[PDB]
>>> print(open('upload.tsv').read())   # TSV, N, CA and C atoms
chain	number	residue	atom	x	y	z
Y	1	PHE	N	121.07	111.39	91.46
Y	1	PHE	CA	119.80	110.74	91.03
Y	1	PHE	C	119.74	109.30	91.57
Y	2	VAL	N	118.80	109.03	92.44
Y	2	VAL	CA	118.68	107.68	93.04
Y	2	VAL	C	117.23	107.17	92.92
Y	3	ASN	N	117.04	105.88	93.05
Y	3	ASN	CA	115.66	105.32	92.95
Y	3	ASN	C	115.56	104.04	93.79
Y	4	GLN	N	115.31	104.19	95.06
Y	4	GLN	CA	115.20	103.00	95.96
Y	4	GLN	C	113.79	102.42	95.88
Y	5	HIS	N	113.58	101.25	96.44
Y	5	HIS	CA	112.23	100.64	96.41
Y	5	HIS	C	111.31	101.38	97.39
Y	6	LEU	N	110.10	101.66	96.98
Y	6	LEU	CA	109.16	102.39	97.88
Y	6	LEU	C	108.69	101.47	99.01
Y	7	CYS	N	109.42	101.45	100.09
Y	7	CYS	CA	109.05	100.57	101.24
Y	7	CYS	C	109.51	101.19	102.56
Y	8	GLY	N	109.24	100.53	103.65
Y	8	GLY	CA	109.72	101.01	104.98
Y	8	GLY	C	109.24	102.46	105.22
Y	9	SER	N	110.08	103.28	105.79
Y	9	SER	CA	109.69	104.70	106.08
Y	9	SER	C	109.61	105.52	104.79
Y	10	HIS	N	110.42	105.20	103.81
Y	10	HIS	CA	110.41	105.97	102.53
Y	10	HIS	C	109.06	105.85	101.82
Y	11	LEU	N	108.43	104.70	101.89
Y	11	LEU	CA	107.11	104.52	101.19
Y	11	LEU	C	106.07	105.51	101.73
Y	12	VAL	N	105.92	105.60	103.03
Y	12	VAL	CA	104.92	106.56	103.60
Y	12	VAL	C	105.29	107.98	103.16
Y	13	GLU	N	106.54	108.32	103.26
Y	13	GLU	CA	106.99	109.68	102.83
Y	13	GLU	C	106.67	109.87	101.35
Y	14	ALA	N	106.87	108.83	100.57
Y	14	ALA	CA	106.58	108.92	99.11
Y	14	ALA	C	105.07	109.11	98.86
Y	15	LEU	N	104.24	108.42	99.61
Y	15	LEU	CA	102.76	108.56	99.40
Y	15	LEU	C	102.29	110.00	99.61
Y	16	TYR	N	102.67	110.62	100.71
Y	16	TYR	CA	102.24	112.03	100.95
Y	16	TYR	C	102.81	112.95	99.87
Y	17	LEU	N	104.04	112.73	99.48
Y	17	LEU	CA	104.66	113.59	98.43
Y	17	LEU	C	104.03	113.34	97.06
Y	18	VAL	N	103.75	112.10	96.74
Y	18	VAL	CA	103.15	111.77	95.40
Y	18	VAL	C	101.67	112.19	95.33
Y	19	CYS	N	100.93	111.98	96.38
Y	19	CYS	CA	99.47	112.34	96.36
Y	19	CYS	C	99.28	113.86	96.34
Y	20	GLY	N	100.14	114.59	96.99
Y	20	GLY	CA	100.02	116.08	96.99
Y	20	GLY	C	98.80	116.51	97.82
Y	21	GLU	N	97.61	116.42	97.25
Y	21	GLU	CA	96.39	116.83	98.00
Y	21	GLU	C	96.27	116.04	99.31
Y	22	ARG	N	95.67	116.63	100.31
Y	22	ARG	CA	95.52	115.94	101.62
Y	22	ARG	C	94.07	115.48	101.83
Y	23	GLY	N	93.31	115.37	100.77
Y	23	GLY	CA	91.88	114.94	100.92
Y	23	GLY	C	91.68	113.49	100.43
Y	24	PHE	N	92.72	112.80	100.04
Y	24	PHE	CA	92.54	111.39	99.56
Y	24	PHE	C	92.35	110.44	100.74
Y	25	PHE	N	91.37	109.58	100.66
Y	25	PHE	CA	91.07	108.63	101.78
Y	25	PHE	C	92.09	107.48	101.83
Y	26	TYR	N	92.64	107.09	100.70
Y	26	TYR	CA	93.63	105.95	100.69
Y	26	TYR	C	93.01	104.68	101.29
Y	27	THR	N	91.76	104.41	100.99
Y	27	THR	CA	91.09	103.19	101.53
Y	27	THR	C	91.39	101.97	100.64
Y	28	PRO	N	92.11	101.00	101.17
Y	28	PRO	CA	92.46	99.79	100.39
Y	28	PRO	C	91.39	98.70	100.52
Y	29	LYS	N	91.73	97.49	100.16
Y	29	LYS	CA	90.76	96.35	100.24
Y	29	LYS	C	90.45	96.02	101.71
Y	30	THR	N	91.36	96.32	102.61
Y	30	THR	CA	91.17	96.03	104.08
Y	30	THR	C	91.22	94.52	104.38
Y	31	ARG	N	90.44	93.71	103.69
Y	31	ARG	CA	90.46	92.23	103.94
Y	31	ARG	C	90.21	91.92	105.42
Y	32	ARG	N	89.04	92.25	105.91
Y	32	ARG	CA	88.70	91.98	107.35
Y	32	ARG	C	89.73	92.69	108.26
Y	33	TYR	N	90.73	91.99	108.77
Y	33	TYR	CA	91.74	92.65	109.64
Y	33	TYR	C	92.90	93.19	108.78
Y	34	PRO	N	93.04	94.50	108.70
Y	34	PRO	CA	94.12	95.09	107.89
Y	34	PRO	C	95.42	95.18	108.70
Y	35	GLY	N	95.85	94.09	109.28
Y	35	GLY	CA	97.11	94.10	110.08
Y	35	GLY	C	97.82	92.75	109.91
Y	36	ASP	N	97.91	91.98	110.97
Y	36	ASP	CA	98.58	90.64	110.89
Y	36	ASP	C	99.96	90.73	110.23
Y	37	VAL	N	100.71	91.74	110.56
Y	37	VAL	CA	102.10	91.93	109.99
Y	37	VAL	C	102.15	91.62	108.48
Y	38	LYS	N	101.32	92.26	107.70
Y	38	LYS	CA	101.32	92.02	106.22
Y	38	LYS	C	100.63	93.19	105.51
Y	39	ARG	N	100.86	93.34	104.23
Y	39	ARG	CA	100.23	94.46	103.47
Y	39	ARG	C	100.04	94.07	102.00
Y	40	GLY	N	101.07	93.57	101.37
Y	40	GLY	CA	100.95	93.17	99.93
Y	40	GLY	C	101.41	94.33	99.05
Y	41	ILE	N	100.85	95.50	99.27
Y	41	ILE	CA	101.26	96.69	98.46
Y	41	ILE	C	102.76	96.96	98.65
Y	42	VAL	N	103.20	96.94	99.88
Y	42	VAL	CA	104.64	97.18	100.18
Y	42	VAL	C	105.51	96.09	99.53
Y	43	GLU	N	105.07	94.86	99.61
Y	43	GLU	CA	105.85	93.74	99.01
Y	43	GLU	C	106.01	93.94	97.51
Y	44	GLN	N	104.99	94.42	96.86
Y	44	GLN	CA	105.06	94.64	95.38
Y	44	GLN	C	106.18	95.62	95.04
Y	45	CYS	N	106.31	96.69	95.79
Y	45	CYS	CA	107.39	97.68	95.50
Y	45	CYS	C	108.70	97.24	96.17
Y	46	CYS	N	108.61	96.53	97.26
Y	46	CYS	CA	109.85	96.06	97.96
Y	46	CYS	C	110.66	95.14	97.04
Y	47	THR	N	110.00	94.23	96.36
Y	47	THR	CA	110.73	93.29	95.45
Y	47	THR	C	111.11	93.99	94.14
Y	48	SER	N	110.26	94.84	93.63
Y	48	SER	CA	110.58	95.54	92.35
Y	48	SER	C	110.19	97.02	92.44
Y	49	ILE	N	110.78	97.85	91.62
Y	49	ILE	CA	110.45	99.31	91.66
Y	49	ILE	C	109.06	99.54	91.07
Y	50	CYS	N	108.18	100.16	91.82
Y	50	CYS	CA	106.80	100.40	91.32
Y	50	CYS	C	106.77	101.62	90.40
Y	51	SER	N	105.91	101.60	89.41
Y	51	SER	CA	105.82	102.74	88.46
Y	51	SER	C	104.97	103.87	89.06
Y	52	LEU	N	105.21	105.08	88.64
Y	52	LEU	CA	104.42	106.24	89.17
Y	52	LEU	C	102.93	106.06	88.86
Y	53	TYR	N	102.61	105.52	87.71
Y	53	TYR	CA	101.18	105.35	87.32
Y	53	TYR	C	100.43	104.46	88.33
Y	54	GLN	N	101.05	103.40	88.80
Y	54	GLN	CA	100.36	102.51	89.78
Y	54	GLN	C	100.14	103.25	91.10
Y	55	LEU	N	101.11	104.02	91.54
Y	55	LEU	CA	100.94	104.77	92.83
Y	55	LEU	C	99.74	105.72	92.71
Y	56	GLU	N	99.60	106.37	91.58
Y	56	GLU	CA	98.45	107.30	91.38
Y	56	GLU	C	97.12	106.55	91.51
Y	57	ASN	N	97.06	105.35	90.98
Y	57	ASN	CA	95.79	104.56	91.07
Y	57	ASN	C	95.43	104.33	92.54
Y	58	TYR	N	96.39	103.93	93.34
Y	58	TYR	CA	96.12	103.70	94.79
Y	58	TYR	C	95.68	105.01	95.46
Y	59	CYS	N	96.19	106.12	95.00
Y	59	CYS	CA	95.80	107.43	95.62
Y	59	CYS	C	94.56	107.98	94.91
Y	60	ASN	N	93.46	107.27	95.01
Y	60	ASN	CA	92.20	107.73	94.35
Y	60	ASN	C	91.69	109.01	95.00
>>> encode(input="upload.tsv", output="structure tokens")
Amino acid sequence: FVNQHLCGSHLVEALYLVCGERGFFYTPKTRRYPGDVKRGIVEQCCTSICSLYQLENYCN
């Protein structure tokens, strides 16, 4: 039984496994340019373990 922070390659793998259905758009705030080597969502789980309930909210 292990529980690493949802980040890096594991985070993307976790999103597809947690969302299950393949019809979710996963559209975030975008903030004009959604790049510039930054995300915010990853940092939140990188520093602390994110709860399953919050991941479900992002997967609308």
>>> closest_residue(input="upload.tsv", among="Y:6, Y:49, Y:55, Y:41", to="residue 18 in chain Y", atoms="only N, CA and C atoms")
Y:55
>>> atom_distance(input="upload.tsv", atom1="atom N of residue 21 in chain Y", atom2="atom N of residue 57 in chain Y")
12.7 Å
>>> axis_aligned_box(input="upload.tsv", around="range 34-41 of chain Y", padding_each_side="3 Å", output="AutoDock Vina command-line options")
--center_x 97.9 --center_y 93.8 --center_z 104.7 --size_x 15.7 --size_y 12.3 --size_z 18.5
>>> residues_around(input="upload.tsv", residues="range 3-5 of chain Y", least_positions_apart="4", cutoff="12 Å", atoms="only C-alpha atoms", output="PyMOL selection string")
chain Y and resi 9-12+14+41-52
>>> select_by_dssp(input="upload.tsv", residues="chain Y", states="alpha helix (DSSP H)", output="count of residues only")
26
>>> closest_residue(input="upload.tsv", among="Y:1, Y:59, Y:39, Y:8", to="residue 24 in chain Y", atoms="only N, CA and C atoms")
Y:59
>>> atom_distance(input="upload.tsv", atom1="atom C of residue 33 in chain Y", atom2="atom N of residue 53 in chain Y")
26.3 Å
>>> closest_residue(input="upload.tsv", among="Y:38, Y:2, Y:7, Y:56", to="residue 19 in chain Y", atoms="all atoms listed in the file")
Y:56
>>> atom_distance(input="upload.tsv", atom1="CA of residue 27 in chain Y", atom2="atom C of residue 13 in chain Y")
17.0 Å
